[PDB]
Amino acid sequence: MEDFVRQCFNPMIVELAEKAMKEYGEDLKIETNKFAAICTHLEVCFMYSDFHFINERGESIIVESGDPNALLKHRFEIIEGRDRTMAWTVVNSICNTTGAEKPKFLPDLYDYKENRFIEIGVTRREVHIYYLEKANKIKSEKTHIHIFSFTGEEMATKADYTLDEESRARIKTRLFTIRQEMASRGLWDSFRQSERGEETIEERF
Amino acid sequence: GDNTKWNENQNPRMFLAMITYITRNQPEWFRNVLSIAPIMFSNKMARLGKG
Amino acid sequence: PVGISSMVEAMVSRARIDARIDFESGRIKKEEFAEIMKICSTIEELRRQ
Amino acid sequence: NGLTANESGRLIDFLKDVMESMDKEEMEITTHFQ
Amino acid sequence: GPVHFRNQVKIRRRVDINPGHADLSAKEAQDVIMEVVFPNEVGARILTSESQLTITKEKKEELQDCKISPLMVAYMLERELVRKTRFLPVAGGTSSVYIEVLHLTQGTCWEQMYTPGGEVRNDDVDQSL
């Protein structure tokens, strides 16, 4: 599986994936499905964030590629793929600037129009059980939730969707491509089996 | 009282035995990490000195 | 300090966040924010090379 | 030498690297001269 | 007041050395110190307790522009807020203000009557009563 996940994803995402998995002392060889899960999470967050910039107002204007100008402002500061210390220092900076609320668990991004955090998730199991798991995990929450599925159906709170439908279609295309190359590789089910194992990692000395 | 040649007679193999007894019914990784030090002391070498 | 991020990566990212938050509400106006972001991009490029 | 788990800043990873250095067929040190 | 020459039954006992401790442990009070001095580098630690929250607001005002060193300001709040205990041979006393002068109030054969300057809390006084 390592060969495929090293080939398809660009080096920035696989780099951040070893970065994040190593942060906790997990071994890429004894735990291999986790590396692919992390790579998919990183890629989907980056895709959800990229191709979005802000104007003087809100209602993000979309571009094929960013234009060279003073509009350097980016719509989403990607908290994911960051060190824990810097992740919580960016979170604290945001909370001290906008006076927002401090979450109990690490969010994944922050949006300024609705002025709050967002927690993207990716799951093998279909939506309406992982969603309620994440919801009853993140208690007393304002962070919007936006979970995807490899099949192609998503869900969220307040039926709220924070961006265009073409970007969602792009995410869904990427996930279906991955899924129906897994079907060819036979890896898919291997990933499926270990979701429960994902919750926690056991020390191995 | 006092003990003559206290350190000379304190074998690291009995420290390994004591560590193995103390760490009974525990995750094997913890037993190994705590056992490693007596293992290194049992095979330890001493530099002779300046000359 | 604790973390796993390299010296230059942490320093440049922290400075980037500081420039962003200062531009949104602080002393930094567009000129200094742009200069800081450009210099940080130069640092990142020099790091990768 | 390639034992970089100790960059995790955890004592147990530094001990894993110390233990994994012994199963290497060649260490690489550096010595000063003048 | 008068020195009373008498046998001192100095009973070794754990006694609080610090006299301004806000009843917060070293780890417990390092997070209030950080929230006061270093508000962006606190991490995930949310200061639930109300006592810590009042301490933060009150202490922030005093140190608005201090230009000595933020490390020294942090060690300051460590001294004021961090609790500290030490086994010491104590006879009588047992108070925060009466243990800092234990070299002056207590000896081997002599007692020295003494009354610190600070306005004493009435809880200690009624306990003694």
# chains A, B, ... in the order shown; residues from 1 in each chain; ligands from 1
call {"tool": "residues_around", "arguments": {"residues": "range 21-28 of chain D", "least_positions_apart": "4", "cutoff": "8 Å", "atoms": "only C-alpha atoms", "output": "ChimeraX atom specification"}}
result
/D:1,3,17
call {"tool": "interface_residues", "arguments": {"of": "chain C", "to": "chain A", "cutoff": "8 Å", "atoms": "only C-alpha atoms", "output": "VMD selection string"}}
result
chain C and resid 2 to 5 10 14 17 21 25 30 34
call {"tool": "write_last_selection", "arguments": {"atoms": "C-alpha atoms", "output": "PDB file, in the first residue's frame"}}
result
ATOM      1  CA  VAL C   2       8.007  21.305  22.844  1.00  0.00           C
ATOM      2  CA  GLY C   3       7.073  20.232  19.355  1.00  0.00           C
ATOM      3  CA  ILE C   4       8.482  18.383  16.398  1.00  0.00           C
ATOM      4  CA  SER C   5       8.691  21.204  13.832  1.00  0.00           C
ATOM      5  CA  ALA C  10       8.306  27.029  13.298  1.00  0.00           C
ATOM      6  CA  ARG C  14       4.787  31.770  13.773  1.00  0.00           C
ATOM      7  CA  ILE C  17       0.535  34.060  11.876  1.00  0.00           C
ATOM      8  CA  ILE C  21      -3.250  38.723  13.110  1.00  0.00           C
ATOM      9  CA  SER C  25      -6.375  43.999  14.007  1.00  0.00           C
ATOM     10  CA  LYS C  30      -0.751  46.190   4.172  1.00  0.00           C
ATOM     11  CA  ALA C  34       3.189  42.093   2.483  1.00  0.00           C
TER      12      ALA C  34
END
call {"tool": "closest_atom_pairs", "arguments": {"of": "chain B", "to": "chain A", "cutoff": "12 Å", "atoms": "only C-alpha atoms", "output": "Markdown table"}}
result
| residue | atom | partner | partner_atom | distance |
| --- | --- | --- | --- | --- |
| B:27 | CA | A:203 | CA | 9.2 |
| B:28 | CA | A:205 | CA | 7.9 |
| B:29 | CA | A:205 | CA | 4.6 |
| B:30 | CA | A:205 | CA | 7.6 |
| B:31 | CA | A:205 | CA | 9.3 |
| B:32 | CA | A:205 | CA | 7.1 |
| B:33 | CA | A:205 | CA | 7.1 |
| B:34 | CA | A:205 | CA | 10.7 |
| B:35 | CA | A:205 | CA | 11.6 |
| B:36 | CA | A:205 | CA | 10.9 |
call {"tool": "closest_atom_pairs", "arguments": {"of": "chain D", "to": "chain B", "cutoff": "12 Å", "atoms": "only C-alpha atoms", "output": "tab-separated table"}}
result
residue	atom	partner	partner_atom	distance
D:11	CA	B:33	CA	10.9
D:12	CA	B:33	CA	8.2
D:13	CA	B:33	CA	11.1
D:14	CA	B:33	CA	11.8
D:15	CA	B:33	CA	8.4
D:16	CA	B:33	CA	9.3
D:18	CA	B:36	CA	11.1
D:19	CA	B:36	CA	9.3
call {"tool": "interface_residues", "arguments": {"of": "chain D", "to": "chain C", "cutoff": "10 Å", "atoms": "only C-alpha atoms", "output": "ChimeraX atom specification"}}
result
/D:7-9
call {"tool": "select_by_dssp", "arguments": {"residues": "chain D", "states": "alpha helix (DSSP H)", "output": "PyMOL selection string"}}
result
chain D and resi 11-21
call {"tool": "residues_around", "arguments": {"residues": "range 59-61 of chain E", "least_positions_apart": "6", "cutoff": "12 Å", "atoms": "only C-alpha atoms", "output": "list in words"}}
result
residues 32, 33, 34, 35, 36, 37, 38, 39, 52, 53, 73, 74, 76, 77, 80 and 81 of chain E
call {"tool": "closest_residue", "arguments": {"among": "A:56, A:198, A:31, A:26", "to": "chain D", "atoms": "only C-alpha atoms"}}
result
A:26
call {"tool": "closest_atom_pairs", "arguments": {"of": "chain E", "to": "chain C", "cutoff": "12 Å", "atoms": "only C-alpha atoms", "output": "Markdown table"}}
result
| residue | atom | partner | partner_atom | distance |
| --- | --- | --- | --- | --- |
| E:40 | CA | C:18 | CA | 10.9 |
| E:41 | CA | C:1 | CA | 9.8 |
| E:42 | CA | C:1 | CA | 11.6 |
| E:43 | CA | C:2 | CA | 10.9 |
call {"tool": "atom_distance", "arguments": {"atom1": "CA of residue 41 in chain A", "atom2": "CA of residue 81 in chain A"}}
result
9.5 Å
call {"tool": "residues_around", "arguments": {"residues": "residue 23 in chain C", "least_positions_apart": "5", "cutoff": "9 Å", "atoms": "only C-alpha atoms", "output": "VMD selection string"}}
result
chain C and resid 18 28 to 30 32 to 33
call {"tool": "atom_distance", "arguments": {"atom1": "CA of residue 11 in chain E", "atom2": "CA of residue 97 in chain E"}}
result
18.3 Å
call {"tool": "residues_around", "arguments": {"residues": "residue 40 in chain C", "least_positions_apart": "5", "cutoff": "10 Å", "atoms": "only C-alpha atoms", "output": "ChimeraX atom specification"}}
result
/C:8-9,11-13,15-16,34-35,45-46
call {"tool": "write_last_selection", "arguments": {"atoms": "C-alpha atoms", "output": "short mmCIF file (atom, residue, chain, number, x, y, z; two decimals), in the first residue's frame"}}
result
data_model
loop_
_atom_site.label_atom_id
_atom_site.label_comp_id
_atom_site.auth_asym_id
_atom_site.auth_seq_id
_atom_site.Cartn_x
_atom_site.Cartn_y
_atom_site.Cartn_z
CA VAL C 8 13.04 27.66 10.56
CA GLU C 9 9.63 26.13 9.85
CA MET C 11 9.85 30.50 13.20
CA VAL C 12 8.50 31.37 9.75
CA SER C 13 5.03 29.97 10.43
CA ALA C 15 5.89 35.02 12.12
CA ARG C 16 3.34 34.49 9.34
CA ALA C 34 3.19 42.09 2.48
CA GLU C 35 6.88 42.61 3.20
CA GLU C 45 12.34 28.78 -0.51
CA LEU C 46 15.89 29.09 0.81
#
call {"tool": "residues_around", "arguments": {"residues": "range 103-113 of chain A", "least_positions_apart": "5", "cutoff": "6 Å", "atoms": "only C-alpha atoms", "output": "PyMOL selection string"}}
result
chain A and resi 76-80+118-119
call {"tool": "write_last_selection", "arguments": {"atoms": "N, CA and C atoms", "output": "short mmCIF file (atom, residue, chain, number, x, y, z; two decimals), in the first residue's frame"}}
result
data_model
loop_
_atom_site.label_atom_id
_atom_site.label_comp_id
_atom_site.auth_asym_id
_atom_site.auth_seq_id
_atom_site.Cartn_x
_atom_site.Cartn_y
_atom_site.Cartn_z
N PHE A 76 -8.92 30.34 4.70
CA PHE A 76 -8.80 29.36 5.77
C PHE A 76 -7.36 29.17 6.21
N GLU A 77 -7.10 29.37 7.50
CA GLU A 77 -5.81 29.06 8.11
C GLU A 77 -5.85 27.60 8.54
N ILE A 78 -5.07 26.76 7.86
CA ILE A 78 -5.19 25.30 7.99
C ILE A 78 -4.51 24.89 9.29
N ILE A 79 -5.31 24.67 10.34
CA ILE A 79 -4.76 24.21 11.61
C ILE A 79 -4.24 22.79 11.49
N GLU A 80 -4.84 21.97 10.64
CA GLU A 80 -4.38 20.61 10.44
C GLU A 80 -2.98 20.61 9.82
N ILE A 118 -13.85 24.83 12.22
CA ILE A 118 -14.45 23.76 11.44
C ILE A 118 -13.59 22.52 11.65
N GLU A 119 -14.25 21.36 11.77
CA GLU A 119 -13.61 20.08 12.05
C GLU A 119 -13.98 19.08 10.96
#
call {"tool": "atom_distance", "arguments": {"atom1": "CA of residue 1 in chain A", "atom2": "CA of residue 34 in chain A"}}
result
11.3 Å
call {"tool": "residues_around", "arguments": {"residues": "range 103-117 of chain E", "least_positions_apart": "5", "cutoff": "8 Å", "atoms": "only C-alpha atoms", "output": "compact mmCIF listing (two decimals) with N, CA, C and O atoms, in the first residue's frame"}}
result
# COMPACT_ATOMS: atom_id res chain seq x y z
N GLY E 1 8.79 40.96 72.75
CA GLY E 1 8.54 40.99 74.18
C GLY E 1 9.52 40.12 74.94
O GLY E 1 10.56 39.71 74.41
N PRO E 2 9.21 39.82 76.20
CA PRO E 2 10.18 39.11 77.05
C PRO E 2 10.61 37.79 76.43
O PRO E 2 9.82 37.07 75.83
N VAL E 3 11.89 37.48 76.60
CA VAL E 3 12.43 36.17 76.25
C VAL E 3 12.24 35.23 77.42
O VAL E 3 12.61 35.55 78.56
N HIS E 4 11.67 34.06 77.15
CA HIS E 4 11.32 33.08 78.17
C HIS E 4 12.26 31.89 78.00
O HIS E 4 12.15 31.15 77.02
N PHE E 5 13.17 31.70 78.94
CA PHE E 5 14.10 30.59 78.87
C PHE E 5 13.36 29.35 79.34
O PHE E 5 12.85 29.32 80.46
N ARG E 6 13.22 28.38 78.45
CA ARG E 6 12.45 27.18 78.74
C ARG E 6 12.81 26.10 77.72
O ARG E 6 13.26 26.40 76.61
N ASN E 7 12.60 24.84 78.11
CA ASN E 7 12.91 23.73 77.22
C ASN E 7 12.01 23.76 75.99
O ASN E 7 10.79 23.91 76.11
N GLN E 8 12.61 23.61 74.81
CA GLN E 8 11.89 23.70 73.55
C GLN E 8 11.67 22.28 73.01
O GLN E 8 12.63 21.59 72.65
N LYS E 10 10.86 20.79 70.12
CA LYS E 10 10.77 21.06 68.68
C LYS E 10 10.37 19.78 67.96
O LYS E 10 11.18 18.85 67.84
N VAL E 90 9.45 22.30 64.48
CA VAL E 90 8.59 23.41 64.85
C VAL E 90 7.99 23.14 66.22
O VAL E 90 7.57 22.02 66.52
N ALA E 91 7.99 24.17 67.07
CA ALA E 91 7.28 24.16 68.34
C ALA E 91 6.38 25.38 68.33
O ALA E 91 6.83 26.49 68.02
N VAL E 97 3.29 33.34 58.68
CA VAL E 97 4.07 34.49 59.13
C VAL E 97 4.96 34.18 60.32
O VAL E 97 5.89 34.94 60.61
N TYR E 98 4.70 33.08 61.03
CA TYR E 98 5.51 32.71 62.19
C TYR E 98 6.57 31.65 61.87
O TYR E 98 7.38 31.33 62.74
call {"tool": "decode", "arguments": {"residues": "chain D", "atoms": "C-alpha atoms", "output": "PDB file, in the first residue's frame"}}
result
ATOM      1  CA  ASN D   1      23.487   7.018  11.216  1.00  0.00           C
ATOM      2  CA  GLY D   2      19.714   6.951  10.583  1.00  0.00           C
ATOM      3  CA  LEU D   3      18.283   6.437  14.098  1.00  0.00           C
ATOM      4  CA  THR D   4      16.141   9.577  14.195  1.00  0.00           C
ATOM      5  CA  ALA D   5      13.205   8.427  16.336  1.00  0.00           C
ATOM      6  CA  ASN D   6      14.795  10.416  19.179  1.00  0.00           C
ATOM      7  CA  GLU D   7      13.677  13.595  17.384  1.00  0.00           C
ATOM      8  CA  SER D   8      10.244  12.825  18.919  1.00  0.00           C
ATOM      9  CA  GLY D   9      11.487  14.382  22.159  1.00  0.00           C
ATOM     10  CA  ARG D  10      10.375  11.380  24.213  1.00  0.00           C
ATOM     11  CA  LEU D  11      12.722   9.368  26.401  1.00  0.00           C
ATOM     12  CA  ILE D  12      11.326   6.020  25.251  1.00  0.00           C
ATOM     13  CA  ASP D  13      12.036   6.867  21.604  1.00  0.00           C
ATOM     14  CA  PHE D  14      15.618   7.796  22.473  1.00  0.00           C
ATOM     15  CA  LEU D  15      15.901   4.429  24.216  1.00  0.00           C
ATOM     16  CA  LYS D  16      14.439   2.686  21.162  1.00  0.00           C
ATOM     17  CA  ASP D  17      17.135   4.373  19.069  1.00  0.00           C
ATOM     18  CA  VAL D  18      19.853   3.402  21.549  1.00  0.00           C
ATOM     19  CA  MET D  19      18.673  -0.212  21.402  1.00  0.00           C
ATOM     20  CA  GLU D  20      18.398  -0.128  17.593  1.00  0.00           C
ATOM     21  CA  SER D  21      21.953   1.205  17.238  1.00  0.00           C
ATOM     22  CA  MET D  22      23.362  -2.117  18.468  1.00  0.00           C
ATOM     23  CA  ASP D  23      21.682  -4.067  15.646  1.00  0.00           C
ATOM     24  CA  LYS D  24      23.615  -2.004  13.069  1.00  0.00           C
ATOM     25  CA  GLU D  25      26.575  -3.442  11.180  1.00  0.00           C
ATOM     26  CA  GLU D  26      28.586  -0.171  11.232  1.00  0.00           C
ATOM     27  CA  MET D  27      28.472   2.959  13.370  1.00  0.00           C
ATOM     28  CA  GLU D  28      29.842   6.251  12.014  1.00  0.00           C
ATOM     29  CA  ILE D  29      31.683   8.630  14.341  1.00  0.00           C
ATOM     30  CA  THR D  30      33.800  11.755  13.780  1.00  0.00           C
ATOM     31  CA  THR D  31      37.164  12.644  15.321  1.00  0.00           C
ATOM     32  CA  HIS D  32      38.959  15.988  15.421  1.00  0.00           C
ATOM     33  CA  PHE D  33      42.587  16.571  14.446  1.00  0.00           C
ATOM     34  CA  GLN D  34      45.066  19.372  13.758  1.00  0.00           C
TER      35      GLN D  34
END
